[PDB]
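Only one chain is shown below, in structure tokens, and it's the form deposited in one PDB entry.
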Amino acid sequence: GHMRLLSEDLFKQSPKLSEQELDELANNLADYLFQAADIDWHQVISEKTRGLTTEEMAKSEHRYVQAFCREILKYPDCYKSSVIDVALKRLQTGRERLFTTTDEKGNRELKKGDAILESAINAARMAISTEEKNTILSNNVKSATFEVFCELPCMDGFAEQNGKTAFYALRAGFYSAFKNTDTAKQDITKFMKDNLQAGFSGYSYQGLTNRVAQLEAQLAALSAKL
């Protein structure tokens, strides 16, 4: 995903954008949300492999399981006593325990179980299309994209700054944004654009306080003409 999406002051400068740049940013933000959305790899890999051999796993029709197992199988002492379920156990139970593989140059190499798992998972993330990932996500896409949204640098201290209540209101608005199952992209793009234009000031103490002050002035300047 683009660099501009990752600015920490994104919410600050978004309202200073042109309605052209704003549309671009919102579409890109949306695209980034779907692209980076995660799934339960521990679950979907295990489901795709349980009952199969090491070689069978190595040449599956799923490129993403192929990439996953390729990483795992480098460390025989992690699965060699299903293998996938064994490795998942041993790697997590053995996080910070050093596993052994053989380098390309024939040297010995040790790597922490947790790094091994994160790598295997990253490889699978690299080998799946957004299309298949979304099909696997189903309607949990709403929670997976929101999880990505909350990880953005611009969302860094949202809950702590604006409070639990505001944060959960934001979540509700986010979930509610998804109207039709076949307009996901279009919908969340609109929610993003509306809020980016206002810098998400609908969920902040200062944004709301300012709007109240604005309204008091607007009411005053109106009740005057009459």
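Note that residue numbering begins at 1 and tracks the sequence as displayed. Take the two forms, find the largest set of C-alpha atoms that superpose within 1.5 Å, and that set is the rigid core.
Keep in mind that the form deposited in another entry is missing from the display, and what follows is about it.
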Across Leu152, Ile116, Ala124, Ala144, the single C-alpha shifting 2 angstroms or more between the shown form and the other one with the core held fixed is at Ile116
Post core alignment: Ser60 C-alpha displaced by 2 Å or more between the shown form and the other one: yes
Comparing between the shown form and the other one on the rigid core: C-alpha of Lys48 shifted by 2 Å or more? yes
